[PDB]
Amino acid sequence: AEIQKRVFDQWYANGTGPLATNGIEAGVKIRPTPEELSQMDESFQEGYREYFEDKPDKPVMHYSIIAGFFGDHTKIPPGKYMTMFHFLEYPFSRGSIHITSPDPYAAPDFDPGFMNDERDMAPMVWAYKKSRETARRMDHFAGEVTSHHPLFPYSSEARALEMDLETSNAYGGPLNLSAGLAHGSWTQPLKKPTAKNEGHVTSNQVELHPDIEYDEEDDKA
Amino acid sequence: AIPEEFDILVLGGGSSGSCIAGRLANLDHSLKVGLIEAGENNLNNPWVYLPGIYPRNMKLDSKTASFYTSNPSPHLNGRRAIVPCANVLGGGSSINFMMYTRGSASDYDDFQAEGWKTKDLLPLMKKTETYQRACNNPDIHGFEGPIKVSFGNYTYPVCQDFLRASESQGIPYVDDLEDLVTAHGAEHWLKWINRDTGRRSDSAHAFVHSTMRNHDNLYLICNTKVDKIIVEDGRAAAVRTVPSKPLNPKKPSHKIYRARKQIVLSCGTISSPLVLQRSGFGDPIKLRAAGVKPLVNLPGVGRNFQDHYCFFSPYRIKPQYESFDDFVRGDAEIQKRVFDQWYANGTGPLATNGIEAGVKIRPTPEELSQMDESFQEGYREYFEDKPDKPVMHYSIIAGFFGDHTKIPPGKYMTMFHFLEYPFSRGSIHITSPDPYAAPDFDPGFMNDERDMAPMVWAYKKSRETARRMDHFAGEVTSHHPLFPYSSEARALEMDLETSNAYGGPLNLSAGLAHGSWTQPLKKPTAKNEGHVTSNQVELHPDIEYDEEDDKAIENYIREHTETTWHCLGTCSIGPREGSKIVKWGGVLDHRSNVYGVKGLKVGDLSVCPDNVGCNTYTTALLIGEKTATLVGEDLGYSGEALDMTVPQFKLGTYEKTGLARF
Amino acid sequence: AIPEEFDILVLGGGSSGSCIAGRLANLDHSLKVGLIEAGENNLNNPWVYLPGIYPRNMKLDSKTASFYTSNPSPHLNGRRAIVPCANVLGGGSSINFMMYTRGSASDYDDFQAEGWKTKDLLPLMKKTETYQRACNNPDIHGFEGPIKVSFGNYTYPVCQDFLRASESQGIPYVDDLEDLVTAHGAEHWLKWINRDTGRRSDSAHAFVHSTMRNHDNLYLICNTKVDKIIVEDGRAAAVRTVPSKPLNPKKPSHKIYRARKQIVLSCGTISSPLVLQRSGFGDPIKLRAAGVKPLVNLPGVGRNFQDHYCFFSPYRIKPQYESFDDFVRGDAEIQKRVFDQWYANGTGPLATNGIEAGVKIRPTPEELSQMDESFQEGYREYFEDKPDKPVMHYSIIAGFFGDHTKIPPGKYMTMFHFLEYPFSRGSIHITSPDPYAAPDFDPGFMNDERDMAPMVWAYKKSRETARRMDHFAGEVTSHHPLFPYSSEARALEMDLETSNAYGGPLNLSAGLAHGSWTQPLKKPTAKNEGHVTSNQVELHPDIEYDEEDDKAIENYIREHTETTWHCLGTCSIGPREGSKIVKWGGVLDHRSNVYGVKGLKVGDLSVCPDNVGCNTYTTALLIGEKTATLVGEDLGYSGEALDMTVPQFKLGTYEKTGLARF
Ligand SMILES: Cc1cc2nc3c(=O)[nH]c(=O)nc-3n(C[C@@H](O)[C@H](O)[C@H](O)COP(=O)(O)OP(=O)(O)OC[C@H]3O[C@@H](n4cnc5c(N)ncnc54)[C@H](O)[C@@H]3O)c2cc1C
Ligand SMILES: Cc1cc2nc3c(=O)[nH]c(=O)nc-3n(C[C@@H](O)[C@H](O)[C@H](O)COP(=O)(O)OP(=O)(O)OC[C@H]3O[C@@H](n4cnc5c(N)ncnc54)[C@H](O)[C@@H]3O)c2cc1C
Ligand SMILES: [Ca+2]
Ligand SMILES: [Ca+2]
Ligand SMILES: [Ca+2]
């Protein structure tokens with residue numbers, strides 16, 4: 001209530017503030033490198049030659065960063081988030097739609113055809129890995145929401161890693177009685193990133209999280 | 001000043017240890033008794049005696065627990081299970097869930113040890129407790145003991161809701177599920193809470209602090225870790241200790257305490273074998289591999305590690321019902337009101353554990369025929385001719401137990417299950433003579449194939465219970481088995497209306513389905529308008545599982561099974577050469593003496609050669625009373641001297657004395 | 001575990017039932033006593049023992065009550081009256097208005113049954129209670145009984161205001177309106193509240209929980225609905241029960257409990273005949289029509305249904321005076337303060353029912369001459385030679401009793417009336433052998449023409465009382481009779497100033513008359529400046545009614561008369577062949593035995609062949625004490641054994657013991 005009040009108050013005052021944006025502030029159009037292509041399904045490699053190779057101005061995937069969680073907040077833990085929003089630019093899949101009766105109110109017979117062509121899978125998988133790597137290299141990054149990520153094998157080194165103990169306590173507040181209560185093993189914690197290079201100028205220092213390697217089980221997930 | 005020499009030395013002041021030290025100090029007040037404990041003193045600490053705040057002890061940064069790591073296990077799909085245990089005076093009793101549960105009569109008979117049969121131990125069971133509730137079978141309960149048990153001073157309404165649901169499943173209500181005989185039933189669950197004061201009942205306050213406040217022969221030595229036991233001429237003569245916090249590496253310190261008459265080791269199932277191994281008791285090859293000179297050949301030390309294997313399954317409750325979720329999340333106003341009520345008169349949510357009802361169950365012959373062949377055979381071998389042993393337990397918690405920062409907002413109830421007599425076995429062993437060093441630990445969770453079927457069975461059973469409760473409003477998908485997305489067995493979340501209720505009137509995303517992260521619960525069946533209103537019901541569908549569903553549940557168990565903190569067996573009572581139940585060799589005789597040395601007993605849960613069908617505080621107390629008696633007899637005491645009554649002001653019942661709480 | 005066979009079985013743990021079960025368990029502690037109850041256990045439930053929250057039990061979605069529907073009635077202008085009753089251990093005593101009221105001496109004499117005369121029952125009346133207030137007639141009150149009665153720990157100022165007003169009407173103040181003789185008077189009204197604890201007094205805590213906490217022979221079986229009673233060789237031998245919630249339709253369950261010595265049926269006036277009818281006791285034609293095989297020809301079962309007929313009339317109070325309206329409406333800060341005071345020391349608004357004063361009245365010969373000829377004749381037949389029987393009761397409630405979402409904001413007081421001895425009669429009968437099935441129900445409210453005049457009379461009387469109270473600030477038009485718009489008898493609302501006071505300083509529509517929804521109260525007469533200030537008054541006008549006004553009041557009664565929850569008579573004591581007061585035939589002999597079977601008694605309000613001039617908890621308790629004594633005698637007990645004293649810690653008065661509340 002209080003945050004909504006302040007956000008509306010600023011907008012009423014002079015039309016500025018969080019109410020005057022969509023929170024979708026940056027994004028990307030991408031094409032695969034020839035090396036990346038060689039790692040994808042043969043079906044999409046062929047699809048790329050047929051559709052994209054002689055059309056150098058067409059992107060294969062888009063994704064952008066949303067300054068919050070887009071989705072149902074009653075089904076995600078408390079705290080603050082950012083969301084990678086991806087979509088496939090030129091799918092090979094096709095669907096159809098047709099009326100069921102002359103009743104104008106009647107629900108149509110609808111087959112959108114999402115992902116029914118095998119060529120459409122590889123770019124999506126590719127984009128998830130790409131945006132995840134982007135996310136882990138952002139200053140904002142503090143962890144991965146396991147319930148809303150691929151269901152990797154539990155002990156895979158590609159698994160989703162949640163915010164650590166200190167961050168959990170920060171979000172839980174000073175009165176919490178269960179932040180960092182690990183019993184149940186519902187999540188696994190992010191490890192500390194690499195240390196800053198003390199021999200560098202402060203504004204060029206970084207703390208890095210590890211790159212992720214995927215095997216076939218991970219890709220399946 | 002703390003003397004350097006005592007008559008009796010008790011190592012570890014936990015659930016058993018504090019009881020043993022307190023009893024022995026009252027055996028004869030000319031006897032000097034020293035109690036050594038690694039954790040902090042708990043005297044009048046609100047973070048110990050206030051029941052309702054108990055979950056914070058299992059935060060990973062908790063000061064009141066140690067968190068032992070273990071080796072990766074393929075049976076847990078690669079997990080290195082974390083096994084917590086208490087790190088504070090009072091041990092487990094200072095930080096536990098406060099569930100009161102007794103084993104079955106056959107459990108102690110099956111120890112196969114003279115003097116440890118239920119018939120022998122029954123008066124010691126009664127000796128410990130004051131049973132502060134209605135009793136239809138007073139012959140097997142105590143009413144004068146220093147440990148007070150009760151239903152607390154608050155009951156969440158999940159209690160009778162759960163009992164109605166479980167009854168409809170063929171699990172009969174009983175007045176007392178802890179009658180040492182019943183293995184299939186449901187009850188209102190008792191607590192280790194004194195209803196007169198609204199405080200937690202722990203071994204330190206009951207046996208130690210009471211004694212020290214009225215006598216002079218009991219000494220308390222906390223923040224002190226036991227390194228090893230020193231043997232002189234075949235007698236346990238001294239103990240080497242180090243500070244629990246090594247704060248001066250430039251010049252490390254240590255102390256030596258001597259015992260004239262008796263040493264009792266009570267450091268718990270995880271730690272007691274480590275002490276013995278550091279003292280030169282164990283497998284000579286392994287001891288030498290860890291840099292310790294062998295003294296006594298006892299390969300059983302650290303072997304036969306047993307536990308109960310548990311898992312938690314949370315459910316959505318309707319917005320009008322109560323839970324402790326906001327309280328443990330850290331809501332300031334709700335915490336303030338809860339504490340204010342307790343300060344006022346010792347009642348309210350702070351004076352309960354929220355674990356209000358539960359179940360002991362055995363499979364029907366039909367249910368058995370649907371399970372793994374391996375467990376069917378295990379059932380014939382272990383359970384069929386032991387009709388008083390339960391296979392699974394589960395109970396209802398009036399809130400989510402777990403990390404609230406990793407679950408959505410709202411209110412919950414949690415099914416808490418554990419396996420009563422696992423076939424799996426583990427082991428533990430020191431890595432070096434460093435008393436601080438982490439041991440090599442394999443708890444052995446689920447490594448025997450027979451242990452999987454009962455757990456799967458229990459999940460399905462408790463889920464059916466949950467869906468038949470009035471409280472039920474949905475299933476938390478992220479914390480349930482990863483069913484195939486479109487399976488009719490999948491977890492179904494709270495519906496649109498309920499989501500909006502929890503989201504509040506200003507929400508902008510409740511019921512925003514895009515992303516398909518969850519699927520909604522459908523409307524239940526309509527009330528029968530031809531029935532009397534109080535008999536009308538709204539029913540959710542029964543669930544059918546195929547092989548893919550069952551596969552999901554199995555992986556769920558493998559990935560979220562934990563210790564239930566009921567670890568036992570690492571210093572098993574039995575023949576030194578071994579036995580069918582103690583294959584690696586016994587560690588203690590039937591008088592709890594360590595083989596190969598004089599004047600040394602072990603008195604904690606490491607003692608048990610086989611498991612018990614219960615939360616293990618009753619077992620710890622029983623072992624404590626028994627061990628104290630054994631020591632007393634050994635030192636030549638008899639008759640009323642063995643009473644070892646501790647100081648206590650008895651309040652009885654209100655209608656008799658007018659002093660107890662109405 | 002709960003035994004399958006008892007010595008004594010009590011069915012229904014209500015106001016009578018809990019009393020009977022508790023007493024009998026203390027008759028002889030070697031006797032196994034089983035108490036079966038359909039509702040939930042009420043042990044230490046704050047929603048039961050906190051007095052001030054009592055209205056929520058009558059919310060239609062309440063868990064603590066059943067809401068029985070009835071057939072449409074032309075006498076109620078087409079209404080199908082809803083008849084609530086308790087659905088919880090303790091029965092009515094767990095959820096009632098807590099009004100303490102005794103009948104007249106002639107009431108029990110007029111039962112025309114041996115051993116049920118007031119002279120016989122008087123020691124049993126005293127036996128139940130501890131009378132925690134000033135007593136000028138201690139010979140007819142008890143001071144050691146387990147049920148404590150008092151004025152609570154808060155008194156709303158409507159008390160003496162009401163008494164001054166009623167005195168000016170010729171209704172004299174008495175120290176005790178419950179002296180079994182006075183039929184025309186006014187008093188400070190007693191409560192079923194223990195002033196020592198500030199808690200409600202109910203039968204379960206007084207008789208059952210106290211006993212179970214100190215003895216082992218009493219067993220409690222809740223959430224269990226009694227289906228039928230099984231007869232073997234002319235003896236009531238067993239009871240078939242089903243769960244109160246049918247949660248498993250695929251395979252419904254049931255239990256059978258056996259009794260060796262005695263079965264007592266105490267399911268209440270509405271439910272007891274249903275149990276008997278399902279057991280084959282009743283009218284063979286009707287039983288067969290309901291699918292039940294007849295066993296005993298007893299056409300009286302379900303007949304002779306009686307009740308008190310009540311209605312509520314709310315009034316505006318001045319903004320400076322107190323009521324429980326904001327509390328009941330759900331104001332957070334006010335609820336917080338009220339609970340905080342109770343937690344602090346058991347005092348404040350939570351420790352009262354807000355029903356502080358009341359009246360028993362008979363018409364003067366002049367008043368009679370103005371009423372219906374039919375009631376004038378009824379008065380000669382029933383009341384004229386019975387000078388101790390009241391005709392109407394009404395009392396003042398310090399707030400609005402009813403749905404606050406359907407009445408304007410502000411503060412209120414409510415006149416609560418009921419008819420003491422209605423001539424109307426109803427009946428009830430099962431529709432099928434299904435224990436859950438709604439019965440065919442005709443309560444018979446107002447179907448006799450003689451019952452209309454007293455109700456009309458009472459409305460006019462209480463309205464006159466209200467208008468002479470200092471609290472009075474207007475009449476709530478929507479909840480009063482629909483007088484002709486311009487009648488001088490019409491309801492007059494609070495005036496402009498008072499409306500603005502309640503509306504607050506920011507209101508934008510208080511006193512906006514457009515629409516003509518209400519008409520305002522005029523200024524009262526001026527104070528007499530020549531009088532001493534404390535004797536000065538401001539008077540509102542007396543009201544004159546014509547035939548159109550009277551017509552409006554009659555329709556008002558027809559449309560808003562309800563059960564007062566005092567239902568009785570469906571298992572009447574009397575000659576099996578019938579009598580003048582039991583026309584359809586008796587169901588029980590003078591020892592409460594059901595005709596045609598051995599070992600079966602009925603012990604609840606269904607027993608009464610004719611009505612009682614009182615709220616019926618005293619009657620329920622009395623029937624309970626009497627029934628317990630009857631059973632005890634039948635089983636061969638005598639003398640002090642028939643005391644059946646239940647466990648209790650007596651506190652007496654403060655000046656004697658120093659233990660009771662000052
Ligand atoms: C969080 C939690 C919840 C639980 N819930 C329940 C429940 O609801 N009901 C129930 O019945 N049981 C419960 N249990 C289990 C509990 O009953 C334990 O089984 C019981 O405390 C075991 O008693 P001990 O064997 O004496 O070991 P304990 O762990 O109780 O005692 C060992 C003591 O020795 C000390 N120690 C260890 N190593 C040492 C060293 N080297 N030097 C000095 N001191 C050392 C420890 O600090 C500890 O105080 C719970 C346990 C935990 C941890
Ligand atoms: C809301 C309310 C307010 C009242 N106000 C007052 C007041 O202020 N003062 C006063 O004196 N009286 C009051 N009364 C009346 C009260 O005293 C009742 O008359 C009294 O409880 C009747 O006692 P019993 O005949 O024992 O029936 P009860 O209704 O008390 O007891 C019957 C019991 O049997 C159980 N039962 C019914 N059918 C069953 C079945 N098939 N199987 C198993 N169990 C079954 C019920 O759950 C109940 O517990 C009030 C009643 C109500 C409901
Ligand atoms: Ca092309
Ligand atoms: Ca066997
Ligand atoms: Ca007459």
# chains A, B, ... in the order shown; residues from 1 in each chain; ligands from 1
call {"tool": "select_by_dssp", "arguments": {"residues": "segment 499-615 of chain C", "states": "alpha helix (DSSP H)", "output": "PyMOL selection string"}}
result
chain C and resi 499-503+547-560
call {"tool": "residues_near_ligand", "arguments": {"ligand": "ligand 3", "cutoff": "8 Å", "atoms": "only C-alpha atoms and all ligand atoms", "output": "ChimeraX atom specification"}}
result
/A:49-52,54
call {"tool": "write_last_selection", "arguments": {"atoms": "C-alpha atoms", "output": "PDB file, in the first residue's frame"}}
result
ATOM      1  CA  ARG A  49      20.686 -22.878 -44.014  1.00  0.00           C
ATOM      2  CA  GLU A  50      17.248 -22.813 -45.631  1.00  0.00           C
ATOM      3  CA  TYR A  51      15.851 -19.728 -43.906  1.00  0.00           C
ATOM      4  CA  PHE A  52      18.525 -17.599 -42.210  1.00  0.00           C
ATOM      5  CA  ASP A  54      21.204 -15.868 -46.913  1.00  0.00           C
TER       6      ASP A  54
END
call {"tool": "closest_residue", "arguments": {"among": "C:171, C:275, C:177, C:1", "to": "chain B", "atoms": "only C-alpha atoms"}}
result
C:1
call {"tool": "select_by_dssp", "arguments": {"residues": "segment 352-421 of chain C", "states": "strand (DSSP E or B)", "output": "number ranges by chain"}}
result
C: 355-361, 392-397, 412-419
call {"tool": "interface_residues", "arguments": {"of": "chain C", "to": "chain B", "cutoff": "8 Å", "atoms": "only C-alpha atoms", "output": "PyMOL selection string"}}
result
chain C and resi 1-2+40+63+65-68+87+209-210+212-219+223+243-248+252-253+343-344+436-438+647-649
call {"tool": "write_last_selection", "arguments": {"atoms": "N, CA, C and O atoms", "output": "compact mmCIF listing (two decimals), in the first residue's frame"}}
result
# COMPACT_ATOMS: atom_id res chain seq x y z
N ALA C 1 -6.50 -47.12 23.89
CA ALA C 1 -7.54 -47.31 22.88
C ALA C 1 -8.93 -47.19 23.51
O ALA C 1 -9.12 -47.46 24.69
N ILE C 2 -9.90 -46.77 22.70
CA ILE C 2 -11.29 -46.65 23.15
C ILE C 2 -11.95 -48.02 23.15
O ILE C 2 -12.03 -48.67 22.11
N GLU C 40 -17.24 -31.25 17.95
CA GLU C 40 -15.84 -31.29 18.36
C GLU C 40 -15.67 -31.23 19.88
O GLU C 40 -16.56 -30.75 20.60
N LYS C 63 -19.21 -23.50 12.89
CA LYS C 63 -18.88 -24.90 13.06
C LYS C 63 -19.50 -25.46 14.33
O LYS C 63 -19.54 -26.68 14.53
N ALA C 65 -22.62 -25.11 15.50
CA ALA C 65 -24.06 -25.29 15.49
C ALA C 65 -24.55 -26.01 14.24
O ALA C 65 -23.88 -26.03 13.21
N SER C 66 -25.72 -26.63 14.34
CA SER C 66 -26.44 -27.16 13.19
C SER C 66 -27.64 -26.26 12.93
O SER C 66 -28.24 -25.75 13.87
N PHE C 67 -27.99 -26.06 11.67
CA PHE C 67 -29.12 -25.20 11.33
C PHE C 67 -30.23 -25.98 10.63
O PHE C 67 -30.21 -26.16 9.41
N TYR C 68 -31.20 -26.45 11.41
CA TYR C 68 -32.30 -27.26 10.90
C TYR C 68 -33.35 -26.42 10.19
O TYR C 68 -33.87 -25.45 10.74
N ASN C 87 -23.67 -27.86 18.09
CA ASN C 87 -22.93 -28.93 17.46
C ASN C 87 -21.48 -28.92 17.97
O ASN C 87 -20.55 -28.55 17.25
N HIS C 209 -14.36 -32.80 31.72
CA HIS C 209 -12.92 -32.57 31.68
C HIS C 209 -12.30 -32.62 33.07
O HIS C 209 -11.18 -33.10 33.24
N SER C 210 -13.03 -32.12 34.06
CA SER C 210 -12.58 -32.19 35.45
C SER C 210 -12.39 -33.64 35.90
O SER C 210 -11.39 -34.00 36.51
N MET C 212 -12.12 -36.41 33.90
CA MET C 212 -11.13 -37.12 33.09
C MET C 212 -9.70 -36.76 33.48
O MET C 212 -8.76 -37.52 33.22
N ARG C 213 -9.53 -35.59 34.09
CA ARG C 213 -8.22 -35.11 34.48
C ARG C 213 -7.78 -35.75 35.80
O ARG C 213 -6.62 -35.65 36.18
N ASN C 214 -8.69 -36.40 36.51
CA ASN C 214 -8.39 -36.96 37.83
C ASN C 214 -8.83 -38.41 38.01
O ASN C 214 -8.55 -39.04 39.03
N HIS C 215 -9.50 -38.97 37.02
CA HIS C 215 -9.94 -40.36 37.08
C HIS C 215 -9.76 -41.00 35.71
O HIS C 215 -9.49 -40.30 34.74
N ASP C 216 -9.91 -42.32 35.64
CA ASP C 216 -9.61 -43.04 34.41
C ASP C 216 -10.81 -43.75 33.79
O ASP C 216 -10.67 -44.34 32.72
N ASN C 217 -11.97 -43.72 34.43
CA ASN C 217 -13.08 -44.55 33.97
C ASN C 217 -14.06 -43.84 33.03
O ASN C 217 -15.06 -44.43 32.61
N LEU C 218 -13.76 -42.59 32.68
CA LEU C 218 -14.60 -41.85 31.75
C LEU C 218 -13.91 -41.67 30.40
O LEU C 218 -12.79 -41.16 30.34
N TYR C 219 -14.57 -42.11 29.34
CA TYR C 219 -14.01 -42.04 27.99
C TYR C 219 -14.78 -41.05 27.12
O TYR C 219 -16.01 -40.99 27.17
N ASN C 223 -16.77 -36.10 17.57
CA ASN C 223 -16.85 -36.16 16.11
C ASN C 223 -17.55 -37.43 15.63
O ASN C 223 -17.26 -37.95 14.54
N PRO C 243 -19.25 -41.47 11.30
CA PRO C 243 -18.50 -40.21 11.47
C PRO C 243 -19.41 -39.01 11.23
O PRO C 243 -20.35 -39.10 10.44
N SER C 244 -19.15 -37.90 11.91
CA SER C 244 -19.98 -36.72 11.72
C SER C 244 -19.74 -36.10 10.33
O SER C 244 -20.59 -35.39 9.80
N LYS C 245 -18.58 -36.39 9.75
CA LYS C 245 -18.26 -35.93 8.39
C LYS C 245 -17.99 -37.13 7.48
O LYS C 245 -16.98 -37.81 7.63
N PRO C 246 -18.90 -37.39 6.52
CA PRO C 246 -18.72 -38.50 5.58
C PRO C 246 -17.67 -38.19 4.52
O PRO C 246 -18.00 -37.68 3.45
N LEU C 247 -16.42 -38.51 4.81
CA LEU C 247 -15.31 -38.10 3.96
C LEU C 247 -14.82 -39.20 3.03
O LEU C 247 -13.86 -39.01 2.28
N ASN C 248 -15.49 -40.35 3.05
CA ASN C 248 -15.09 -41.47 2.21
C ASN C 248 -16.30 -42.24 1.68
O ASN C 248 -16.61 -43.33 2.16
N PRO C 252 -18.07 -46.21 3.07
CA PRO C 252 -18.51 -45.58 4.33
C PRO C 252 -18.22 -46.47 5.54
O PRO C 252 -18.34 -47.69 5.44
N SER C 253 -17.85 -45.85 6.65
CA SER C 253 -17.52 -46.61 7.85
C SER C 253 -18.59 -46.44 8.93
O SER C 253 -19.43 -45.55 8.85
N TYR C 343 -6.71 -10.74 29.27
CA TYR C 343 -5.44 -11.42 29.48
C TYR C 343 -4.74 -10.90 30.73
O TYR C 343 -4.07 -11.65 31.43
N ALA C 344 -4.90 -9.61 30.99
CA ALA C 344 -4.26 -8.97 32.13
C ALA C 344 -4.79 -9.48 33.47
O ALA C 344 -4.02 -9.85 34.35
N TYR C 436 -27.71 -38.82 8.41
CA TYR C 436 -27.36 -37.47 7.98
C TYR C 436 -28.55 -36.69 7.44
O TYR C 436 -28.50 -35.46 7.30
N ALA C 437 -29.63 -37.40 7.11
CA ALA C 437 -30.75 -36.80 6.40
C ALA C 437 -31.50 -35.77 7.23
O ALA C 437 -31.76 -35.98 8.42
N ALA C 438 -31.86 -34.66 6.59
CA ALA C 438 -32.66 -33.63 7.22
C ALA C 438 -34.06 -34.15 7.53
O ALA C 438 -34.71 -34.73 6.66
N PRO C 647 -14.64 -33.80 40.63
CA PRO C 647 -13.45 -33.07 41.07
C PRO C 647 -13.61 -31.57 40.92
O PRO C 647 -14.09 -31.09 39.88
N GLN C 648 -13.23 -30.84 41.95
CA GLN C 648 -13.32 -29.38 41.94
C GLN C 648 -12.46 -28.80 43.05
O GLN C 648 -12.44 -29.31 44.17
N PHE C 649 -11.80 -27.69 42.75
CA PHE C 649 -11.15 -26.92 43.79
C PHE C 649 -12.01 -25.71 44.13
O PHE C 649 -12.11 -24.78 43.33
call {"tool": "residues_around", "arguments": {"residues": "residue 472 of chain C", "least_positions_apart": "4", "cutoff": "10 Å", "atoms": "only C-alpha atoms", "output": "ChimeraX atom specification"}}
result
/C:158,161,315-318,321,412-413,465-468,494,540
call {"tool": "interface_residues", "arguments": {"of": "chain B", "to": "chain A", "cutoff": "7 Å", "atoms": "only C-alpha atoms", "output": "ChimeraX atom specification"}}
result
/B:53,55-56,58-60,77-79,311-312,328-330,402-409,478-479,499,503,509-515,517,559-562
call {"tool": "residues_around", "arguments": {"residues": "residue 200 of chain C", "least_positions_apart": "2", "cutoff": "6 Å", "atoms": "only C-alpha atoms", "output": "short mmCIF file (atom, residue, chain, number, x, y, z; two decimals) with N, CA and C atoms, in the first residue's frame"}}
result
data_model
loop_
_atom_site.label_atom_id
_atom_site.label_comp_id
_atom_site.auth_asym_id
_atom_site.auth_seq_id
_atom_site.Cartn_x
_atom_site.Cartn_y
_atom_site.Cartn_z
N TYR C 49 -14.78 -20.69 25.85
CA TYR C 49 -14.76 -20.20 27.24
C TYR C 49 -14.70 -18.67 27.40
N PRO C 51 -16.58 -15.45 27.18
CA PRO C 51 -18.00 -15.06 27.11
C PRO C 51 -18.34 -14.08 25.99
N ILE C 193 -21.31 -17.63 34.18
CA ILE C 193 -19.92 -17.21 34.10
C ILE C 193 -19.27 -17.32 35.47
#
call {"tool": "closest_residue", "arguments": {"among": "B:98, B:378, B:453, B:483", "to": "ligand 4", "atoms": "only C-alpha atoms and all ligand atoms"}}
result
B:378
call {"tool": "residues_near_ligand", "arguments": {"ligand": "ligand 5", "cutoff": "9 Å", "atoms": "only C-alpha atoms and all ligand atoms", "output": "NGL selection string"}}
result
:C and (378 or 380-386)
call {"tool": "residues_near_ligand", "arguments": {"ligand": "ligand 1", "cutoff": "7 Å", "atoms": "only C-alpha atoms and all ligand atoms", "output": "ChimeraX atom specification"}}
result
/B:11-17,36-39,57-58,84-93,95-101,224-227,266-269,271-272,275,564-567,604-606,615-618,620
call {"tool": "residues_around", "arguments": {"residues": "residue 108 of chain B", "least_positions_apart": "3", "cutoff": "8 Å", "atoms": "only C-alpha atoms", "output": "ChimeraX atom specification"}}
result
/B:104-105,111-112,116-118,612
call {"tool": "residues_around", "arguments": {"residues": "residue 622 of chain C", "least_positions_apart": "4", "cutoff": "7 Å", "atoms": "only C-alpha atoms", "output": "list in words"}}
result
residues 124, 125, 618 and 626 of chain C
call {"tool": "write_last_selection", "arguments": {"atoms": "C-alpha atoms", "output": "mmCIF file, in the first residue's frame"}}
result
data_model
loop_
_atom_site.group_PDB
_atom_site.id
_atom_site.type_symbol
_atom_site.label_atom_id
_atom_site.label_comp_id
_atom_site.auth_asym_id
_atom_site.auth_seq_id
_atom_site.Cartn_x
_atom_site.Cartn_y
_atom_site.Cartn_z
ATOM 1 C CA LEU C 124 -30.808 -31.242 42.961
ATOM 2 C CA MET C 125 -31.263 -27.634 41.837
ATOM 3 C CA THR C 618 -31.111 -24.739 34.643
ATOM 4 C CA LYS C 626 -32.109 -36.213 38.228
#
call {"tool": "residues_around", "arguments": {"residues": "residue 277 of chain B", "least_positions_apart": "6", "cutoff": "8 Å", "atoms": "only C-alpha atoms", "output": "PyMOL selection string"}}
result
chain B and resi 287+292+301+429-430
call {"tool": "closest_residue", "arguments": {"among": "C:146, C:52, C:74, C:632", "to": "residue 650 of chain C", "atoms": "only C-alpha atoms"}}
result
C:146
call {"tool": "closest_residue", "arguments": {"among": "B:192, B:6, B:151, B:379", "to": "ligand 4", "atoms": "only C-alpha atoms and all ligand atoms"}}
result
B:379
